[PDB]
Amino acid sequence: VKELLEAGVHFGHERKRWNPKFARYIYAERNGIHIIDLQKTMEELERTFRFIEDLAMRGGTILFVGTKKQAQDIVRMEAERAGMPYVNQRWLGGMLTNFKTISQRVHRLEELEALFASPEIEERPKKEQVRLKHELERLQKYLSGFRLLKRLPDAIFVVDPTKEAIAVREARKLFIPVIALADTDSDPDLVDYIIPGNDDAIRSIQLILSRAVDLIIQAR
Amino acid sequence: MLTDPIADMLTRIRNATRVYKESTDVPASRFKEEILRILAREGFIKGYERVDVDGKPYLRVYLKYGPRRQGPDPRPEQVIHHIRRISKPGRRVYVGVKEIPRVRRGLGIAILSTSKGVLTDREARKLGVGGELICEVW
RNA sequence: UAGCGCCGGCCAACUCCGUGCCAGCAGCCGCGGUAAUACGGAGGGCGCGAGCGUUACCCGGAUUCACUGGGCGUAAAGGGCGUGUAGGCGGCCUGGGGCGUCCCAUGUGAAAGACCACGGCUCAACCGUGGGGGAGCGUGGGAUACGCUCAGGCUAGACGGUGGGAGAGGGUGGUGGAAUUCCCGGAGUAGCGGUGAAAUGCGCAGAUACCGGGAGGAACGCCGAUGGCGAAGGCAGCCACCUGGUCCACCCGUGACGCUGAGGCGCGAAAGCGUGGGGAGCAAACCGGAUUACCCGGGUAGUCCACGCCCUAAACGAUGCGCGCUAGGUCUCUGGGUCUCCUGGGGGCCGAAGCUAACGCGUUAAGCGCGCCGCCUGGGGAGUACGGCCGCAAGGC
């Protein structure tokens, strides 16, 4: 503790939303809000960091999945400040279970960006140029970061396991361990290595991701 | 009203097991505690103890599960898959030594209320006595 | 001496001719109207073989009467609802009996048949000799865990007390206003009323609008609710009396006094009916009009009351009652406390686990269990016929 407490980590959601399965991480109720027991957070954080460091030193890759409004920038910066791929714009149905199909899209994106830097575009009247440019824009919007996956990742990092339940489900299907910064309204069962904390309040997200990325960098 | 205590206890155990609780409470009785000790010996429950609840005697039962499973539905495998009550009020079932059932080729247990105390199927066969057939667990 | 059945799928065996919904085959599905592996005949093949088919009957397949081994929200199936007799079932702790229950010995369980072993017909069928097994019931002894019984205790079920609460729960009298329709007046002029548009109809005996007085019957506008009460059917003005059910609090008294319930008894919307009242409005039947070659104008029983019958429904939550366990979120009605909240009871909407053919249900289960009751066994024929019981009858079981 003493790092998380001032970061607003132990501030959850209202009593309208909390999940019964998550009661094992709830400390007490104040002013009609749920307070996450920061001690249990500490042991869980220790365990998950041990797992992360072991995986990193093994040479595995982690896929970061944060598709909230606020977590986008932080996830992008943290993944970019590592070799780890990331998805922050939108999770397309079948990024993992249908990895083969999306690999085709990745190849299309790379060949397109290569093509626009080539002297054979003097043909192809400018309307086709516009169409291809728009296609490239869409691809680089969605498939950025996802390009760094040469194959299925060894783990996954989800910010909100409920906002991104689809990614969690897919990770379950393929026996990929799930690491999540779960909160009050989350299901602990679908997450193997769980950090009980706040998934809102940018401060907390930044703190956790920064610490994790530092541990990953150190463990290379 | 409550017509069958032992059936009630079995149902409570089953219901608590199916939701992966760490503990369940049942009203205290000698017969119930005997059944509980028999169950505990065979390693179907973690353990039990006599507690006091609001000035009434209760028995707290500790449930045992397997390891957390891989992939979708990671809920642990149950230790008590199936627990039926054989001899019910309104139809009592009695069996001789020659008619003690073998449950799941010996992978389960049948609990008998014999003249020489509450025994399993194996103990009943070894001692060579029969009695009321209570329940089968596997 | 080698025959008999079959060759579309069940179910192992495929081609050529005759055929053209004809002759015919068929256990089921069905095949046949000119290119039939389904009909008839050939060749070939399959199965059995001194036999092969067919018909009749029983068992199985049929978990399709389900004890092993079913089901009732929508597939057939929860009684219209209560109270309750017989019966079935039944909390916690000790003690006596050993009726059920379990065990041991023993008598019986004839012979033949079934099983095992060994033998005689050259084998086998057949037979012989031994050995067990055997549901059940006597008889003697042993055990007391669970049922039973008896004796003594306990409060967790149930009932009572005390202090409060809400409510269209029911019965009996009394009376408040707004309509509607008539009667008696005053003024009033030509229509009123009605429809998709109209007609019938009323009005010069002065209608309809409107003012005042009187009579009579029926029903309670806003509040009003996705609300409340009741076991159902049902229950809305207000006042008072006599009563039924129910919730919370204090844990104060009792010691298991409980659950269900075949018959019985009682209640039972609306519509009918008998004997008397009442009749404003609406309105079966009925008298009229008219158009789309239902709708408007009138009107009888009836709807209203007292007593006595009738006992039927989509009488529905299409879900019998009682008790226990299994995440929560949200909106309401009503209590209590230390009053952002805890704690009970009732009514809705989402939804864990779970269940289901699915729709969906989900702490007001259609989930997990226990006890008792009532029903279901393909569709019609048919809720029909006969017989019985109940009604004045229509009709009901």
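Residues numbered from 1 in each chain as written, not as in the entry; some residues may be left out. Chains lettered and ligands numbered in written order. Part of a larger assembly, values for the part shown. Heavy atoms only, no water.

Student: How do you make sense of the sheet that holds strand 2 (residues 26-30) of chain A when you look at a structure like this?
Tutor: Consider a sheet: its strands pair through backbone hydrogen bonds, and that pairing is either parallel or antiparallel. All names here are of chain A. As summarised here, the arrangement of the 3 strands in space is 1-3-2, forming an open sheet in which the pairing is antiparallel. What marks the edges here is a single partner per strand, and that holds for strand 1 (11-14) and strand 2. Along the sheet, successive strands turn relative to each other by an average axial angle of 30°, direction set aside. Of the strand pairs in this sheet, strand 2 and strand 3 (residues 33-36) are connected by 4 bridges, and their pairing is antiparallel. (Pairing = 2+ DSSP bridges. Helix = DSSP H or I, 4+ residues; strand = E, 2+ residues; numbered from the N terminus. Axes fitted to C-alpha atoms, helices over the stretch in contact; angles between N-to-C directions.)

Student: For this particular structure, what's the right way to read the protein's contact with RNA strand C?
Tutor: The local shell around RNA strand C holds 41 residues, among which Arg15(A), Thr3(B), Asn15(B), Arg91(B) and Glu132(B) are the closest. Among all atoms of RNA strand C positioned within 4 Å of the protein, those belonging to sugar or phosphate total 80%. At 3.1 Å from a sugar or linking oxygen of RNA strand C is found a main-chain nitrogen or oxygen belonging to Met1(B). Of all the elements in the fold, those that place two or more residues in the surface near RNA strand C are helix 1 (5-17), helix 2 (30-41), strand 3 (56-63), strand 5 (94-95) and strand 6 (109-114) of chain B. Considering every element that reaches the surface near RNA strand C, the biggest residue donor is helix 1 of chain B, with 7 residues. When the residues that make up the surface near RNA strand C are grouped by side-chain class, the tally is 14 nonpolar, 11 polar and 16 charged. (Near = heavy atom within 4 Å. Polar contact = N/O pair within 3.5 Å; in protein donor to acceptor, adjacent residues only side chain to side chain. Nonpolar A, V, L, I, M, F, W, Y, C, P; charged D, E, K, R; others polar.)

Student: Explanation requested: the pattern of salt bridges in the structure shown.
Tutor: It is possible for side chains bearing opposite charge to pair when their charged atoms get close. Residues and elements named next belong to chain B. In this structure the tally under the stated criterion is 31 salt bridges over all chains. Residues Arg-85 and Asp-4 are paired through a salt bridge, measuring 2.7 Å at the closest nitrogen-oxygen approach. Here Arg-85, found in strand 4 (residues 83-85), pairs with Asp-4, found in the segment before helix 1; they are 81 residues apart in sequence, far enough to count as distant. Accessibility expressed as a relative area gives 13% for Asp-4, which makes it buried. The partner of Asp-73 in a salt bridge is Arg-69, and the shortest N-O contact between them spans 3.2 Å. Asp-73 gets classed as partly exposed once you look at its relative accessible area, which sits at 36%. (Salt bridge = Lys/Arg side-chain N within 4 Å of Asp/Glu carboxyl O. Buried < 20%, exposed > 50% of the residue type's maximum accessible area, 1.4 Å probe, protein only.)

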